[PDB]
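Protein chains in written order, with the numbering used here: chain A, 1 to 95; chain B, 1001 to 1155; chain C, 2001 to 2206.
A quick write-up on the structure given underneath.
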RNA sequence: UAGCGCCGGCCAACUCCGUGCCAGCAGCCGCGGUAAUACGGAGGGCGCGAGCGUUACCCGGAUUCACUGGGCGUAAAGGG
RNA sequence: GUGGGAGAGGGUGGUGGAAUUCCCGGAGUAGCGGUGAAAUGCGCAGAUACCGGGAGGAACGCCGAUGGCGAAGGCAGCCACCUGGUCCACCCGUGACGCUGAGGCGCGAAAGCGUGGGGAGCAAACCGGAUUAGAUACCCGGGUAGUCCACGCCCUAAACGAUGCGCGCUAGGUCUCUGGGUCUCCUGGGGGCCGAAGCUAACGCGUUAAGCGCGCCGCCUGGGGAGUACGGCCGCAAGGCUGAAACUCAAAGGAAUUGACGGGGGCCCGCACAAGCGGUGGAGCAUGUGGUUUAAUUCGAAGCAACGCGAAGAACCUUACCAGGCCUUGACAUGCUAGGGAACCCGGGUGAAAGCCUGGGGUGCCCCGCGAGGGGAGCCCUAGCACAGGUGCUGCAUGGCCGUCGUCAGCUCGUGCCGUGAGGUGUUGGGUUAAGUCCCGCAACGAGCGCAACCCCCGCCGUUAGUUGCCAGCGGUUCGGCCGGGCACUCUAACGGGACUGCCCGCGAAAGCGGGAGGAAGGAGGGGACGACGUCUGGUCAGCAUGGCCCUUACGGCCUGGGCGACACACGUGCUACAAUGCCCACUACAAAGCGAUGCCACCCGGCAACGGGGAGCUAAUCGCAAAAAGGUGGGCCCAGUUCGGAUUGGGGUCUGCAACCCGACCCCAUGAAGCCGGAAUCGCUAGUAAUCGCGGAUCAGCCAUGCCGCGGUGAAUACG
Ligand SMILES: [Mg+2]
Ligand SMILES: [Mg+2]
Ligand SMILES: [Mg+2]
Ligand SMILES: [Mg+2]
Ligand SMILES: [Mg+2]
Ligand SMILES: [Mg+2]
Ligand SMILES: [Mg+2]
Ligand SMILES: [Mg+2]
Ligand SMILES: [Mg+2]
Ligand SMILES: [Mg+2]
Ligand SMILES: [Mg+2]
Ligand SMILES: [Mg+2]
Ligand SMILES: [Mg+2]
Ligand SMILES: [Mg+2]
Ligand SMILES: [Mg+2]
Ligand SMILES: [Mg+2]
Ligand SMILES: [Mg+2]
Ligand SMILES: [Mg+2]
Ligand SMILES: [Mg+2]
Ligand SMILES: [Mg+2]
Ligand SMILES: [Mg+2]
Ligand SMILES: [Mg+2]
Ligand SMILES: [Mg+2]
Ligand SMILES: [Mg+2]
Ligand SMILES: [Mg+2]
Ligand SMILES: [Mg+2]
Ligand SMILES: [Mg+2]
Ligand SMILES: [Mg+2]
Ligand SMILES: [Mg+2]
Ligand SMILES: [Mg+2]
Ligand SMILES: [Mg+2]
Ligand SMILES: [Mg+2]
Ligand SMILES: [Mg+2]
Ligand SMILES: [Mg+2]
Ligand SMILES: [Mg+2]
Ligand SMILES: [Mg+2]
Ligand SMILES: [Mg+2]
Ligand SMILES: [Mg+2]
Ligand SMILES: [Mg+2]
Ligand SMILES: [Mg+2]
Ligand SMILES: [Mg+2]
Ligand SMILES: [Mg+2]
Ligand SMILES: [Mg+2]
Ligand SMILES: [Mg+2]
Ligand SMILES: [Mg+2]
Ligand SMILES: [Mg+2]
Ligand SMILES: [Mg+2]
Ligand SMILES: [Mg+2]
Ligand SMILES: [Mg+2]
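This is the structure we're talking about:
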């Protein structure tokens, strides 16, 4: 539901909020246990990072990504997040 | 409790009726460590088992124990997707316990405001009669027996 | 960084206070802001001495500020000269009955802060830290130690990524209460930055 | 008359400024994302000298076609 | 050559039984089948389960095996015929007739192909059923080629011992198949296991070599491109054999090592799960935090390790935010150039305060010195400068400090020994323990940082004591321990003494466990403090610190006005509850441990209370906050949104503050709002624990304090596993 955003050290520009929104938006089309997230995006020197904490049913999975984009970690975060949401579902269906 | 057999304590004498397990009852009734206050609504349930079917409270509570007290009960399991409450034989620790627990419990969901009386009626719902006291222990014994279907899982 | 400062741990134990008197309720901060003005004078003033432990005694009106040192002429002066040089703005910082004093140390390299401010020293000098640390403790150990240690921090080659460099020989049981371990600190700064020095002498058992 | 090459490692010759994954280096591993001995200038240093470097090709290092002098269970390699 | 042996070696022809499916008969009734659980499917048109009869195809149970046979592929009911290879004995004959083998030729799992048969079971494709986001799969019900026979093609493979064939030479131990002997033993052939020497990059090989040698054939020469393309040959096809390059890469690789990790496995610890007493979530308020508002709604922190954290005290102070107003060599740091002024006290001008507009009293000084006065050491102001100042940047440039895994049992070194080496060993194994604690093993033997132990609190009694204690003791008592009196008790607070499985039982090899004696206390007696090398590029540039980075009448200082308490919404931690163990009143008990001068303020009087004015005693075991509450005397409530609720709003106060609109808490009086114990989930807790009540402290005018840190009352619910 709620995509919580943290622009600490960053902007969180409305138009980029769109970028980040669409991506988790994709994600939600595969996993229906999700309640809410809080994502925190911050840039330092070269590496422009992103980290979130992700609530599944009661939650929670969490993870972080680097890159020199600030768009990279966006691409990354999802990817790591994805792997662990899939684990979430399987081994669970395996009980 | 992953290491030892986990010892349980030896509770005080009753200076009232002379017995170590009556002191054991005091404490389940009670909250915030009251050996005066919850002790009243059972020490006004001392004079209430003398003022209805009176005799002496002596054997009313020697027979309030084993009377709703289960020797055979459920403790559950799951096999890879199917869960079985399994009938089981409870030891002198579980068999002195199950009792004093529900004693107050179901007796307090009742209407008669003072439990000096409200729970006192419940010492005759065991040693003698019916109620919501003897209500669960049947289902306790009933998931044992009939649903001993699942006792092929035992420890 | 999960340890203790081993001295504040040994106060009333293996070791005693370096300012010890008695005060009253609003009678405290005063005599306290004093000796802390006194080293505040003796820090910048007494450096090339070896400047190690300043043990400060008092009474009403009358405070005897001891100094325990290395080079007692870097201390005393020309016949009387330096000891009463500072003694001017000193009891004239105090405005009370003060007393200047002297004690030289036996193996000044059996004092931590002393031994370390040479590690500090060698460090801004633009010297060999791997060597220096190594050098320092080696000194201490044949010097009659029976255990010894050093820590130093910040950019040890002046490269961006910091480090922490470390060497010790002989027993040094911080966690043991019968200890007698000097600590002393040495803070150095060169054009790449500040550093830090953490030295431990083990002085033997109790 | 004195010049050409180079000074991260191979490989002998190091510091400062400018630049800041840009401009550019590069034979190989690589260097540059703001203190870069690796770019570009400078000071110096090493090398050679009317030359010094680059490119192309030949043998060498290639014991990497193995006569001298290599190999094949799992590295390339025993034929179903 | 003779004589003998074993064998799923091969080809043909026959024949045996079990089981599966189908069909007919009998019998019999409501489900079967199937999965993790289901559903499809089958079934009252009579299934499944049972009996008999019949048909047909495939495979060949037990024997059966690390077994045997073959050159390989590969070969398994039994019988016969036809046939190959092979081993042994005898030492008979031949007389070097040997070995290998480019081409060639033959053989060649399965799948596939052609013509014809056959077709039970199974089963690509295919259809359903479930799963799933999808499921062109995995599991389930069906199901066609195929599987089977004959003949003919196909010619591939992890066609593997990933190891070409023959010969000779170089320890043995063991078991196994199979011949022979004068038989525990030996000798020949075959199949395994461990291993001498040797080999090896290592793993490993080792008389069945991957050792030493010789012969001959095959093959390799970086990865991808690619077993692709082209040509050729073969094939009915599918496709097979032979087999490039361009281009691109700085690697691709083999074995081993240390970790990390596994929906790998073992053994073990933690209130980790279970099991319990209670909570959050759902109520209203506090406080924090997300979003939005604002001109400021100031920064940090952010899963565990941020959300009553930084903040142990925001009315403007604070305060880094913002408006309007100011101020600048500066509010402060040294430093000096050129002067005043030498210091100062008091005004007063415009002021919201600042800030800027300006009157006047006025120097003690080291000296020339009566003196006219003088450098002046002051200090003061004006001009200057260097600069200060910056809570403006960079916690990935740092120190210090701290959070963290975690009070977890570990992290290592010396020297020896193993390995070419990374490295191992130790530190593993076995037994105990809270622990790398100890014990026993053992190519290790020690040692370091950790652990424990040494340090405080608490609990036994002693030591040295008493301006706190005591009819303990006798007595008066103003009958309050008041005093004469008393240092023994309690208190108090410095030393002490001690308890280690020392002792007896059971086990044992030791450590130790199991068990008891006693002891106030035991197997560390219960709590703190202490936290290893390291981890997280954890946190902090806003405590301070520091490399640089940039602002230098502003991004520097001060003031006034406001803000951090806005308010559409969310969450975090919490107090009071939502009632009879309970809601009030009056009656009345019991703790420590603390904190006290424009402080604690005994006591009176006014008042309803807030509190006000008075009043003593205190630097405080001997004065004050001080009343501890829950409980308990026993009285009113009688299931009642209520005598539960203490909340939003109403009034008039009180206090401190210069000041309480924003934005203070307490008082008396009026609103007496939710809230009926709370979903799904989720957070603690193993003794004096949760839980209930009460007191003190920091900080601080005052408190927005229910929070933070502590003190003391009664007293459990649940642990095998
Ligand atoms: Mg060269
Ligand atoms: Mg060189
Ligand atoms: Mg450029
Ligand atoms: Mg860099
Ligand atoms: Mg170069
Ligand atoms: Mg250069
Ligand atoms: Mg050469
Ligand atoms: Mg050559
Ligand atoms: Mg050769
Ligand atoms: Mg080779
Ligand atoms: Mg190969
Ligand atoms: Mg061949
Ligand atoms: Mg072939
Ligand atoms: Mg024959
Ligand atoms: Mg039939
Ligand atoms: Mg076999
Ligand atoms: Mg002859
Ligand atoms: Mg001849
Ligand atoms: Mg074939
Ligand atoms: Mg076939
Ligand atoms: Mg066919
Ligand atoms: Mg056809
Ligand atoms: Mg399907
Ligand atoms: Mg199927
Ligand atoms: Mg076909
Ligand atoms: Mg091959
Ligand atoms: Mg061959
Ligand atoms: Mg072969
Ligand atoms: Mg060969
Ligand atoms: Mg053999
Ligand atoms: Mg064979
Ligand atoms: Mg052998
Ligand atoms: Mg080899
Ligand atoms: Mg190639
Ligand atoms: Mg092919
Ligand atoms: Mg072709
Ligand atoms: Mg065809
Ligand atoms: Mg490998
Ligand atoms: Mg593992
Ligand atoms: Mg595991
Ligand atoms: Mg950091
Ligand atoms: Mg740091
Ligand atoms: Mg070693
Ligand atoms: Mg060696
Ligand atoms: Mg080693
Ligand atoms: Mg280890
Ligand atoms: Mg050992
Ligand atoms: Mg700072
Ligand atoms: Mg309740």
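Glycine included, each C-beta is placed from N, C-alpha and C at the ideal position.
Among the options, nearest to residue i - alpha-carbon criterion
{"i": "residue 2178 of chain C", "options": "C:2045, C:2013 and C:2008", "result": "C:2013"}
{"i": "residue 2035 of chain C", "options": "C:2016, C:2197, C:2191 and C:2055", "result": "C:2055"}
{"i": "residue 1078 of chain B", "options": "B:1026, B:1153 and B:1002", "result": "B:1153"}
{"i": "residue 39 of chain A", "options": "A:78, A:94 and A:45", "result": "A:78"}
{"i": "residue 1051 of chain B", "options": "B:1129, B:1135, B:1146 and B:1116", "result": "B:1116"}
{"i": "residue 2045 of chain C", "options": "C:2086, C:2143, C:2032 and C:2067", "result": "C:2086"}
{"i": "residue 2196 of chain C", "options": "C:2184, C:2204, C:2206 and C:2138", "result": "C:2184"}
{"i": "residue 2110 of chain C", "options": "C:2200, C:2003 and C:2206", "result": "C:2200"}
CB of residue i within 8 Å of CB of residue j, strictly
{"i": "residue 2148 of chain C", "j": "residue 2172 of chain C", "result": "yes"}
{"i": "residue 2057 of chain C", "j": "residue 2064 of chain C", "result": "yes"}
{"i": "residue 1069 of chain B", "j": "residue 1095 of chain B", "result": "yes"}
{"i": "residue 1099 of chain B", "j": "residue 1132 of chain B", "result": "no"}
{"i": "residue 1126 of chain B", "j": "residue 1045 of chain B", "result": "no"}
{"i": "residue 1074 of chain B", "j": "residue 1140 of chain B", "result": "yes"}
{"i": "residue 2030 of chain C", "j": "residue 2052 of chain C", "result": "no"}
{"i": "residue 1123 of chain B", "j": "residue 1028 of chain B", "result": "no"}
{"i": "residue 43 of chain A", "j": "residue 53 of chain A", "result": "no"}
{"i": "residue 2102 of chain C", "j": "residue 2074 of chain C", "result": "no"}
{"i": "residue 20 of chain A", "j": "residue 34 of chain A", "result": "no"}
Contacting residues, own chain, Cβ-Cβ under 7 Å from residue i (five flanking each side not counted)
{"i": "residue 2155 of chain C", "result": "2162, 2192 and 2193"}
{"i": "residue 2202 of chain C", "result": "2145, 2146, 2147, 2148, 2170, 2171, 2172 and 2181"}
{"i": "residue 2017 of chain C", "result": "2011"}
{"i": "residue 2126 of chain C", "result": "2190"}
{"i": "residue 17 of chain A", "result": "5"}
{"i": "residue 2124 of chain C", "result": "2188, 2189 and 2190"}
{"i": "residue 1035 of chain B", "result": "1026"}
In DSSP terms, what residue i is bridged to
{"i": "residue 1073 of chain B", "result": "B:1088"}
{"i": "residue 65 of chain A", "result": "A:50"}
{"i": "residue 2182 of chain C", "result": "C:2201"}
{"i": "residue 2167 of chain C", "result": "C:2150"}
{"i": "residue 1041 of chain B", "result": "Per DSSP, none; premise fails for residue 1041 of chain B."}
{"i": "residue 1082 of chain B", "result": "B:1079"}
Neighbourhood of residue i by C-beta, 8 Å cutoff - its chain only, sequence neighbours within 5 removed
{"i": "residue 2061 of chain C", "result": "2096 and 2097"}
{"i": "residue 2041 of chain C", "result": "2086, 2089, 2090 and 2093"}
{"i": "residue 2037 of chain C", "result": "2093"}
{"i": "residue 1017 of chain B", "result": "1057, 1058 and 1061"}
Neighbourhood of residue i by C-beta, 6 Å cutoff - its chain only, sequence neighbours within 5 removed
{"i": "residue 41 of chain A", "result": "10 and 50"}
{"i": "residue 2198 of chain C", "result": "2151"}
Decide if the region 45 to 54 of chain A is in contact with the region 67 to 87 of chain A; the criterion is three or more beta carbon pairs, one per stretch, under 8 Å apart. yes
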